[PDB]
Amino acid sequence: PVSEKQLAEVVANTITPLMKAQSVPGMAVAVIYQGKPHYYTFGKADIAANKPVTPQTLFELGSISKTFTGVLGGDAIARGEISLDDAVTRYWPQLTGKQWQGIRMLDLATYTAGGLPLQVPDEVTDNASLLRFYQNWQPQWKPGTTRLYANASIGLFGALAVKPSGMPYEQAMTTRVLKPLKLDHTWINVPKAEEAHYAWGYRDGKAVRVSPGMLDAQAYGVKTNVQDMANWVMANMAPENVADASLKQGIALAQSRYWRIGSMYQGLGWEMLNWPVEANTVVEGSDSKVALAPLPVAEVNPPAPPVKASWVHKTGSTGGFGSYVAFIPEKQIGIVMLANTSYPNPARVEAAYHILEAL
Ligand SMILES: *C(=O)/C(=C/C)[C@@H]1NC(C(=O)O)=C2[C@@H](OC)CCC[C@@H]21
Numbered sequence: 002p003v004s005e006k007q008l009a010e011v012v013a014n015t016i017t018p019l020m021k022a023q024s025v026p027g028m029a030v031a032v033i034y035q036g037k038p039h040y041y042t043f044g045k046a047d048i049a050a051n052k053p054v055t056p057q058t059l060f061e062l063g064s065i066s067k068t069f070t071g072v073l074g075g076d077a078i079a080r081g082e083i084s085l086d087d088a089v090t091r092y093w094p095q096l097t098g099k100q101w102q103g104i105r106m107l108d109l110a111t112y113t114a115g116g117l118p119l120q121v122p123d124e125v126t127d128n129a130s131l132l133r134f135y136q137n138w139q140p141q142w143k144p145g146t147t148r149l150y151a152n153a154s155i156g157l158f159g160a161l162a163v164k165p166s167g168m169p170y171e172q173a174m175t176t177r178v179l180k181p182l183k184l185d186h187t188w189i190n191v192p193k194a195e196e197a198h199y200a201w202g203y204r205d206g207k208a209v210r211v212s213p214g215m216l217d218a219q220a221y222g223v224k225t226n227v228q229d230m231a232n233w234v235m236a237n238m239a240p241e242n243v244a245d246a247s248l249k250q251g252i253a254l255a256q257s258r259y260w261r262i263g264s265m266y267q268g269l270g271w272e273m274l275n276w277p278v279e280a281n282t283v284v285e286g287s288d289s290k291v292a293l294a295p296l297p298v299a300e301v302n303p304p305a306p307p308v309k310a311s312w313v314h315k316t317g318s319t320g321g322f323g324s325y326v327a328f329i330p331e332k333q334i335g336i337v338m339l340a341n342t343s344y345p346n347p348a349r350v351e352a353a354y355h356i357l358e359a360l
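For the sequence shown, the authors' numbering begins at 2 and goes up steadily by one.
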């Protein structure tokens, strides 16, 4: 098999050149292999302070936060609280606009509502304005025909999905996903006492961190360390090991195939491609020109339950952070790459593929 010594060389020889080429200050990596996570840390979390990256350093996950959103939703579905086939309106009777008529919770969850934009406008600062926004939105496409990557879409699915529980989103997440999985250093809002662990992001020489915004916890506001993230990946890769019945089901639902777009399949948060898949196919869908383009979908009805022979992944970025996670259930291997610099997505998947290919 692969030796620990060999794995360390593979990780160092892949990660060290990447950091130098992409000028990334710090990086924390976890490689899941043979039932155990292996940690590798590099560089700095804060240049000014000269603080090294450690397995406790907190990185902004950006869109990888959507995997937590998906699982939390799947768990609510498994509890009988929500259904993906339900009209959005069942959860928001105030959304009276007739354009929402045939739009389901599935569409919000999978960016398939019909043209919801990338971001919730900055002018949207509260509930009543959020209503104004969706109420005046005019869909470019009919529901279930076009996938357009949007925080305005999945962010609303997140808010609405926790409504029947009676709990605010943050408490629903902590109570039903984070605490049971022992993700004690995973935060939507980082306490004052945990702040010294929070790395600084770096853009083009400026120290940066994520700013607030409507539906941020649902779409891009989660921060964690590489330990919690490795254990999160391990729960999603092997949910047979998750004791909570509905949480086990929610994990499955988030890795289920709802739509096919080219060579990939849309889940709830997670995205998948059939394994074996070559690097060039994964890398080519990594591009922003592609990731952000509106594309037609082929519906999978009924949705297909998780398939073990899959490359499941998700990229995430904020102004100062660049993260990526990928695992193959069939092979029980996975990788987590957290970084305090948003470097090119294709570079992320290339390195992840190369090291996983070594296993
Ligand atoms: C998820 O990480 C995410 C939310 C939409 C990040 N948004 C942005 C952005 O700058 O608007 C990026 C881009 O990386 C350039 C494009 C894909 C999504 C991500």
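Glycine is no exception: its CB is placed at the ideal position from the N, C-alpha and C atoms.
Burial check for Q102: the Cβ neighbour count within 10 Å stays below 16, so the residue is exposed. By the beta-carbon neighbour count (other beta carbons within 10 angstroms, threshold 16), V3 is exposed.
The C-alpha of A231 is placed about 8 angstroms away from the C-alpha of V32. When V313, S64, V350, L339 are compared, the shortest CA-CA separation from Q333 is found for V313. In the displayed model, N242 falls within a helix according to three-state DSSP. Using a cutoff of 8 angstroms, the CB of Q23 does not count as near ligand 1, since none of the ligand's heavy atoms is closer than that.
By the CB criterion at 9 angstroms, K224 and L59 fall inside the cutoff. The three-state secondary structure of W93, taken from DSSP, is coil.
When the Cα atoms are used, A110 and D76 turn out to be separated by approximately 14 angstroms.
Judged by DSSP in its simplified three-state form, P213 adopts coil rather than helix or strand. At a Cβ-Cβ threshold of 9 angstroms, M338 and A353 count as neighbours.
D229 carries a helical assignment under DSSP once its states are collapsed to helix, strand and coil. Residue side-chain check: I65 places its Cβ nearer than 8 angstroms to a non-hydrogen atom of ligand 1. For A292, the three-state secondary structure derived from DSSP is helix. By the 16-neighbour rule on beta-carbons within 10 angstroms, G167 is exposed. If you draw a straight line from the Cα of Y203 to the Cα of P26, it comes to about 8 angstroms. Here the region 263–270 makes contact with the region 281–291; the two share three or more CB pairs at distances below 8 angstroms. Scanning its chain for C-beta atoms nearer than 7 angstroms, with the 5 sequence neighbours on each side dropped, one finds around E82 the residues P165, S166, in chain order. At least one heavy atom of ligand 1 sits closer than 8 angstroms to the Cβ of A292. Distance from the C-beta of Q219 to the nearest heavy atom of ligand 1 is not below 8 angstroms. Where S318 is concerned, the enclosing beta strand (DSSP E) starts and stops at 311–318. According to DSSP, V337 shares a beta bridge with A31, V326.
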